[PDB]
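Here is what each chain is made of, one letter per residue.
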Amino acid sequence: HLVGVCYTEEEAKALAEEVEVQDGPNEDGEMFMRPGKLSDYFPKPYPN
Amino acid sequence: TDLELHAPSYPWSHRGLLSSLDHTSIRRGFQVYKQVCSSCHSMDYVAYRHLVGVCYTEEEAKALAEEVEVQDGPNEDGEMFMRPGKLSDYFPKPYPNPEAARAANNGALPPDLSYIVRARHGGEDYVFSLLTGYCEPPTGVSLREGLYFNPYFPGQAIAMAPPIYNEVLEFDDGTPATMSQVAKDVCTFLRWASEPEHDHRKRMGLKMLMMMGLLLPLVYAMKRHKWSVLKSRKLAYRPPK
Amino acid sequence: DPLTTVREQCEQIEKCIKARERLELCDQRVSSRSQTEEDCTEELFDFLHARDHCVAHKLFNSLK
Amino acid sequence: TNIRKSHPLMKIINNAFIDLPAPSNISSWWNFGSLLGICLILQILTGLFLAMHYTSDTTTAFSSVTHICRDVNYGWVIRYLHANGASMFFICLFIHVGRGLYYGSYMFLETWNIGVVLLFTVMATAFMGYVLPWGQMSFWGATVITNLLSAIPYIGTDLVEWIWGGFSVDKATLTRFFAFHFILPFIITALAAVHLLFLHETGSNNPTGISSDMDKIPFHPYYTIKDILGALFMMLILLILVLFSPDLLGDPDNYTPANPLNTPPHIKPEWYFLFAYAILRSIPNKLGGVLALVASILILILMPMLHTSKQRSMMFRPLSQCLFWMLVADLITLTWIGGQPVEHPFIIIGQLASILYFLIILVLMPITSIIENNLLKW
Amino acid sequence: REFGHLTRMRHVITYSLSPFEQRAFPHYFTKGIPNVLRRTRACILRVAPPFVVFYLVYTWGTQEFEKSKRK
Amino acid sequence: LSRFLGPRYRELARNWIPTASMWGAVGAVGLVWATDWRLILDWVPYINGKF
Amino acid sequence: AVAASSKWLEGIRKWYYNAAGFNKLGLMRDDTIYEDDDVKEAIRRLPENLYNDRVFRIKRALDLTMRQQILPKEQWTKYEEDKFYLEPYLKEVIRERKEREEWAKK
Ligand code: HEC
Ligand code: HEM
Ligand code: HEM
Ligand SMILES: COC(=O)N(OC)c1ccccc1COc1ccn(-c2ccc(Cl)cc2)n1
């Protein structure tokens, strides 16, 4: 939702490819990490 | 080009119009699902709260889901804290890599079973007639390696290897565990699973037929009483001559 | 154990023997030459349909 | 000083149901008009329950319906009341139309034309209710409509994309099918009050086809007790199909979920659409097949214009009675053909029976009435 | 359309009996069984011959479907 | 059929066929903004009606 | 208008009169006509004795159909006794409608 208000769409994805949050699982593996996929809410600090 | 084979009619003990289900053959039939399969088939709609009253009281259902260990949710400073199952569960699921677990089964994934007799054109007569009907491949039929010739299958070569021999199992009360005592009990299972309203709609259908045997000949008597005025009337025409 | 003996006497019915014999009459027809894909799934369907009809009439007495 | 003749609201009810003049020789075929009003009310107080516990998306539709039969209390009885209650509506509708065709009731022109609108609206509603459970028959039956709906040469490709939620099979497909199914049963309830207001100008037809103004009886108590008895016999048949065989009218392959996973072993709708699916499938052109689908229902409007007999009904017309039952046997053939695969004997049969349905109404029926006119010396 | 404004009629007499003075079930199997046989005979040659031709086409259509998949 | 036969029937239909493009072309302009007919909004270069 | 089929085509007319069954309810042929606007003007022009005969014959036939019954066979309407009482009044009403229609286009 930041594109067109205060950023163009590049300058926008690079702020999402800066934080690392936990994605879901994948077979031949488990819970892995994949950063900002252009549509992601802002990360909370506390687990509970 | 080839034809297909349809399952015959077996005289089940619940086939009649007012016939209940046998509540001992579902108890013996849960364990033909519990520990002969669940290595290939989920039943993603039944829970252990659905087994109390039908065939268990709640203690024998509480003792199960402690033979299985599934992954529960999160905590603080632990991540995926786990437990054995509660009785409000779809207890495990089988194989990971969902919908592409066919690599374990050579390009053919076995489906879910919680609606499998409702989803076939044979009911529970189809599941019985395919589970106990394997044959050897006849002359000229070349088979891809991983196919087993089952004549009650539409493609005529299912990737199913046969899952039951004789005594893959032994019941709790003491019952011979032949290949036909097997697959008769799990086909009295998988039908209660598809239709858990089976014995309730046949007892309610009996009370309906006794009230309509009272309410209908009496409303027909009230109709016959009003209409007798018109049914008995006479007409005459007397013009001046 | 009751199925494998109920299925035995269901084959000597005259409706089941002439569904069996020209299943095996076509056995030496497929492995004879090389110019054929004459399969034997038609000949075996009439055997199993004639046989498994009478099995269902009798199997459930010997169970439960 | 009689309060049911002078109160402003009570005198509307008295003229409509109590003191209404009615023919005395009305048969049991005139019972099915109030039966259609019972089936429509029942499908409203049962569709209340299902839309309460419902979610319509491509990921959860097939499981939102299986939640009701097991988990939701009194949900197995109400779901199969709704699926068999719609089969009951369609058998009471085909009897009703065939009555008015046989006895010449289409000569009430304004009442007949609102009826043809009512036949289109319930047919389109029930199509958008079988797409909601999202099984194999829901998918492949909906995706043969849009092949003939994108065949509209100018506006069709943006028409189907506007009703599919926006692209294709997705989450929002079942937000426009579900919207077009919640609100269409209430246009039917308003079109039924207008339907009866036009019939009130003349009163009812009767099996002889002769006006009956010398032999009228009041509606109460003669046909109020006869319509209550006929409705009790309908509830007995409906509760037998619900409590003793709730899957007799249905398809098992719609319990297999929806996915473009694999092509199904067959494609077939419910029984009351099998005559229409058989006609469009026997036309090898997706524009000629969508024209003959609409021409199989809107052909009823030409029935006042095609009438050439000097009598009104078919009670005294023996040559026309033979043609009426040939038309009923032709619709039984199309219901059987429409559930068969597209193979050798079911293409020459399914396309000759599509021809004879139009040949009887347009050509054979107007010529035979003229032949019977000459035999009675008029 | 109200009851005293419908039509003109002269010289017609009707006689009726009270519902509490008569039997609700008169001759039922004495009159009714030969009456429903006269009505069945009068309509059997108009309704039935179309449904016989549906039966013959249905049997020829399912038998020539199976004598195509055989060999 | 002599149902609607006559020189009177197409005489009032002679003077109405000038204003019977109020039957067909009015339906053609009655479906410009009720429908968003896509390829006949470039009937004119004037309608850039949606952004 | 064929002289060779003078008796044969009268056999098909007598057969169709009995296959139709308004004579079993005691009705004449002009009792069974569909009443459009030209028929309703011809009924208004009937003399008073032919009007009252038609009203009673229709009421007696509606009462028989309510009971699902017919008349005894000696009371059925014969084929060569059926009087076309309405046909002279209806041919005159239609001729007057066709005169007002040639005038409106000429
Ligand atoms: C050897 C592994 C294996 C075992 C164990 C197994 N099956 Fe399967 N089954 C398969 C495979 C593989 C498929 C997938 C079918 C295909 O796509 O060819 C399948 C599919 C099915 C089907 C669907 C067949 C059809 O015609 O749609 C049924 C029914 C079924 N399994 C029942 C059972 C039952 C009941 C048991 C327990 C006695 C069982 N299976 C145990 C291998 C197995
Ligand atoms: C939701 C649908 C409908 C409802 C609720 C309905 C209701 C009724 C009712 C209550 C009557 C009077 C009683 C009777 O004669 O049965 C009637 C009569 C009639 N209906 Fe319908 N109807 C519906 C659909 C149709 C259709 C689809 C048609 C025709 C295409 C139609 C045409 C007629 C005609 C012509 C009559 C008068 C018949 C006569 O008096 O002989 N209706 N309707
Ligand atoms: C003329 C009246 C109606 C007809 C003919 C009709 C027809 C149908 C049909 C064919 C189904 C599919 C059932 C199945 O395939 O299992 C269905 C279910 C459904 N209907 Fe209706 N219906 C009517 C009224 C209504 C009303 C009044 C509502 C909403 C208030 C409604 C909303 C739904 C919903 C949400 C389903 C969900 C699927 C399910 O629960 O099975 N319908 N109806
Ligand atoms: C209960 O639903 C089904 O049977 N549906 O649709 C999900 C189905 C399912 C599978 C295959 C085909 C269909 C539909 O086949 C037809 C054939 C004709 N109509 C139709 C529809 C609306 C109108 Cl106005 C007029 C005609 N529909």
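As recorded in the PDB header, cryo-EM is the method behind this entry, and the stated resolution is 2.37 Å.

Peer 1: Just to check I follow, could you spell out the overall build of chain A for this structure?
Peer 2: Scanning chain A from terminus to terminus reveals one helix and two strands. Reading chain A from its N terminus to its C terminus gives the helix and strand order α-β-β. Reported as C-alpha extents along the three principal axes, the dimensions of chain A are approximately 40 × 25 × 15 Å. Within chain A, the fraction of its 48 residues that count as buried is 4%. Carbon together with sulfur atoms contributes 54% to the accessible area of chain A, which is approximately 4700 Å² in total. Charged side chains of chain A number 4 positive and 11 negative; the gap between the two group centres comes to 3 Å.

Peer 1: Where do I start with the interface of chain B and chain D in this structure?
Peer 2: Think of interface size as the accessible area that goes away when the parts come together; that is how it is often given. In this complex, chain B contributes 35 residues to the contact, which on the side of chain D involves 35 residues. For the chain B and chain D pair, buried surface summed over both sides reaches about 3100 Å², with 70% attributable to carbon and sulfur atoms. The three residues of chain B that bury the most area against chain D are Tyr-115, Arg-201 and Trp-227 of chain B, which together make up 19% of that side's buried surface. A salt bridge links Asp-247 of chain D to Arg-118 of chain B, with the shortest nitrogen-to-oxygen separation between them at 2.4 Å. There are ten residue pairs in polar contact connecting chain B and chain D. Elements with a minimum of two residues in the side of chain B that touches chain D: α4 (198–226) and α5 (228–231) of chain B. When residues in the side of chain B that touches chain D are grouped by element, the largest group, 16 residues, is from α4 of chain B. Classifying every residue of the side of chain B that touches chain D by side-chain character gives 20 nonpolar, six polar and nine charged.

Peer 1: Where do I start with the site of ligand 4 in this structure?
Peer 2: All names here are of chain D. In the region of ligand 4, 15 residues are neighbours, and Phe-127, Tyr-130, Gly-141, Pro-269 and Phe-273 sit closest. Within the backbone of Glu-270, an N or O atom sits 3.3 Å from an oxygen atom of ligand 4. With six residues, helix α6 (residues 109–130) is the single largest residue contributor to the shell around ligand 4.

Peer 1: Just to check I follow, could you spell out the pattern of salt bridges for this structure?
Peer 2: Where charged atoms of side chains with opposite charge meet at close range, the side chains can pair. Under the definition given, this model contains 38 salt bridges over all chains. Measuring nitrogen to oxygen at the nearest pair gives 3.2 Å for the salt bridge that ties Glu-124 of chain B to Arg-191 of chain B. Linking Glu-124 of chain B in helix α3 (residues 124–131) with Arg-191 of chain B in the loop between α3 and α4, this pair joins segments that are 67 residues apart in sequence. The class of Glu-124 of chain B is buried, set by a relative accessible area of 6%. Across the pair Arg-20 of chain C and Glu-24 of chain C runs a salt bridge whose closest N-O atoms are separated by 3.7 Å.

Peer 1: Just to check I follow, could you spell out unusual backbone geometry for this structure?
Peer 2: A negative phi holds for most residues other than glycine; trans holds for most peptide bonds. The peptide bond linking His-220 of chain D to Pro-221 of chain D adopts the cis configuration, its omega dihedral lying at 5°. Tracing the backbone through its elements, the reader meets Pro-221 of chain D in helix α12 (residues 219–222). Residue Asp-28 of chain A is not a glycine yet carries a positive backbone phi of 50°. Structurally, the position occupied by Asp-28 of chain A is in the loop between β1 (22–25) and β2 (31–33). Taking relative accessible area as the criterion, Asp-28 of chain A reaches 79% and is therefore assigned exposed. Positive phi, normally seen in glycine, also occurs at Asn-97 of chain B, with a value near 55°. The residue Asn-97 of chain B is located in the loop between β2 (83–84) and α3 in this model.

Peer 1: Sorry, what's going on with the interface of chain G and chain B here?
Peer 2: In this complex, chain G contributes eight residues to the contact, which on the side of chain B involves seven residues. Both faces combined, the contact of chain G with chain B buries some 740 Å², and carbon together with sulfur accounts for 64% of it. Among the residues of chain G in contact with chain B, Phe-56, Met-66 and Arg-67 of chain G are the three that bury the most area, contributing 61% of the side total. Inspection of the chain G/chain B interface yields one salt bridge. For the salt bridge of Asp-63 of chain G with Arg-233 of chain B, the shortest nitrogen-to-oxygen distance reads 3.1 Å. At the junction of chain G with chain B, the criterion picks out five residue pairs in polar contact. Among the residues making up the side of chain G that touches chain B, the classes are represented as two nonpolar, one polar and five charged.

Peer 1: What is the right way to look at the UniProt feature "binding site: heme b 3" (unreviewed entry) in chain D in this model?
Peer 2: All names here are of chain D. In this numbering, the UniProt entry assigns the feature "binding site: heme b 3" (unreviewed entry) to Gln-43, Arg-79, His-82 and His-181. Within the secondary structure layout, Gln-43 lies in the loop between α2 (32–42) and α3 (47–52). Judged by its relative accessible area of 18%, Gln-43 is buried. Not counting the four nearest positions on each side in its chain, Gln-43 is found in contact with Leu-81, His-82, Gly-85 and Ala-86. In this fold, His-82 is placed in helix α5 (residues 76–102). Leave out the neighbours within four places in its chain, and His-82 touches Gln-43, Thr-46, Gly-47 and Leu-50.

Peer 1: Honestly, the coordination of the iron atom of ligand 2 in this entry has me stumped. Any pointers?
Peer 2: Expected angles at a metal are 109.5 degrees for tetrahedral coordination by four donors and either 90 or 180 degrees for octahedral coordination by six donors. Residue and element names in this part refer to chain D. The iron atom of ligand 2 binds to the protein through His-96 (NE2) and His-195 (NE2); the donor distances cover 2.7 Å. For the iron atom of ligand 2, the six donor atoms are set out with angles of 80 to 179° between them, so the coordination reads as octahedral. Note that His-96 is positioned in helix α5 and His-195 in helix α11 (residues 184–199), a separation of 99 residues in sequence. By relative accessible area, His-96 is classed as partly exposed at 22%.

Peer 1: Looking at this structure, I do not really get the site of ligand 3. What am I missing?
Peer 2: Residue and element names in this part refer to chain D. Surrounding ligand 3, one finds 16 residues, the nearest of these being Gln-43, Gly-47, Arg-79, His-82 and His-181. In the model, an oxygen atom of ligand 3 is placed 3.2 Å from a nitrogen or oxygen of the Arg-79 side chain. Taking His-181, its side chain carries an N or O atom lying 3.2 Å from a nitrogen atom of ligand 3. The element contributing the most residues to the shell around ligand 3 is α5, with three residues. Grouping the constituent residues of the shell around ligand 3 by class yields ten nonpolar, five polar and one charged.

Peer 1: So what exactly am I meant to see when it comes to the UniProt feature "binding site: heme b 4" (unreviewed entry) in chain D here?
Peer 2: All names here are of chain D. Following the UniProt record, one finds the feature "binding site: heme b 4" (unreviewed entry) at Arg-79, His-82 and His-181. Overall, the relative accessible area of 21% leaves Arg-79 in the partly exposed class. The contacts of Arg-79, once residues within four sequence positions are left out, are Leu-50, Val-65, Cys-69 and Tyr-255. Reaching out from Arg-79, the side chain makes a polar contact with the side chain of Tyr-80 at a distance of 3.2 Å. Apart from the residues within four sequence positions on either side, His-181 is in contact with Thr-125, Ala-126, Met-128, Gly-129 and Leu-132. Reaching out from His-181, the side chain makes a polar contact with the backbone oxygen of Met-128 at a distance of 3.4 Å.

Peer 1: I would appreciate a short explanation of helix α1 (residues 8–19) of chain G in the present structure.
Peer 2: Since there are 3.6 residues in each turn of an α-helix, residues three or four apart along the chain are aligned in direction. For α1 of chain G, spanning twelve residues, the distance from its first C-alpha to its last is 17 Å, which sits close to the expected 16 Å at 1.5 Å a residue. If you check which residues of α1 of chain G are buried, you get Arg-13, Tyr-16 and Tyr-17 of chain G. Taken around the axis of α1 of chain G, the buried residues stretch over an arc of 105°, which confines them to a single face. Exposed residues pointing more than 90 degrees away from the buried face of α1 of chain G are listed as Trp-8 and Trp-15 of chain G. On its buried side, α1 of chain G packs onto α16 (318–337) and α17 (345–375) of chain D.

Peer 1: Would you explain empty space enclosed by the protein in this entry?
Peer 2: In this approach the atoms are scanned with a rolling probe the size of a water molecule, which exposes any empty space left behind. Residue and element names in this part refer to chain D. Counted according to the given criterion, the structure contains eight cavities of 30 Å³ or more. What the largest cavity holds in volume is close to 160 Å³. The wall of the largest cavity is formed by 16 residues, among which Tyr-106, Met-303, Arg-317, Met-365 and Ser-369 lie closest to the centre. Looking at the lining of the largest cavity, the elements with two or more residues in it are α16 and α17.

Peer 1: Got a minute to help me understand the packing of aromatic side chains in this structure?
Peer 2: Working definition: an aromatic ring pair is given by the centre-to-centre distance plus the angle between the planes. Following the criterion strictly, the structure yields 49 aromatic pairs over all chains and no others. An angle of 75° between the planes, with centres 6.1 Å apart, marks the rings of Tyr-45 of chain B and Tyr-115 of chain B as edge-to-face. Pair noted here: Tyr-45 of chain B is in the loop between α1 (27–34) and α2 (58–63) and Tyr-115 of chain B is in the loop between β2 and α3, with a separation of 70 residues, a long-range link. You can call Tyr-115 of chain B buried: its relative accessible area is 9%. Site record: aromatic cluster; members linked through ring pairs are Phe-30, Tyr-33, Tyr-48, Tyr-56, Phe-91, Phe-189 and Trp-192 of chain B. Sitting over the ring of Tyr-80 of chain D, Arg-79 of chain D keeps its end group 5.1 Å from the ring centre. Over the face of the ring belonging to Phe-84 of chain G we find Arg-29 of chain G, whose NZ or CZ atom lies 3.7 Å from the ring centre.

What counts, and where the lines are drawn
Residues numbered from 1 in each chain as written, not as in the entry; some residues may be left out. Chains lettered and ligands numbered in written order. Part of a larger assembly, values for the part shown. Heavy atoms only, no water. Helix = DSSP H or I, 4+ residues; strand = E, 2+ residues; numbered from the N terminus. Buried < 20%, exposed > 50% of the residue type's maximum accessible area, 1.4 Å probe, protein only. Areas by Shrake-Rupley, 256 points an atom, 1.4 Å probe, with all protein chains shown as cover. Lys, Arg positive; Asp, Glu negative; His and termini not counted. Charge placed at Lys NZ, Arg CZ, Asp CG, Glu CD. Contact = heavy atoms within 4.5 Å. Buried area = accessible area lost by both parts, 1.4 Å probe. Salt bridge = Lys/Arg side-chain N within 4 Å of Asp/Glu carboxyl O. Polar contact = N/O pair within 3.5 Å; in protein donor to acceptor, adjacent residues only side chain to side chain. Nonpolar A, V, L, I, M, F, W, Y, C, P; charged D, E, K, R; others polar. Near = heavy atom within 4 Å. UniProt positions renumbered as here; feature names shortened; annotations may be inferred. Donors = N, O, S within 2.8 Å, 3.2 Å for Na, K, Ca; no water. Tetrahedral: all angles 85-135°; square planar, octahedral: opposite > 155°, others 65-115°. Expected span 1.5 Å × (residues − 1). Arc of directions from axis to C-beta. 1 Å grid on protein atoms, 1.4 Å probe; cavity = no way out; pocket = protein on both sides within 12 Å on 5 of 7 lines; lining within 4 Å. Points joined across faces, edges and corners; volume = space filled by probe spheres on them. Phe/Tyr/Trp six-rings, centres within 6.5 Å; stacked < 30°, edge-to-face > 60°. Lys NZ or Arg CZ within 6 Å of the ring centre and 35° of its normal.

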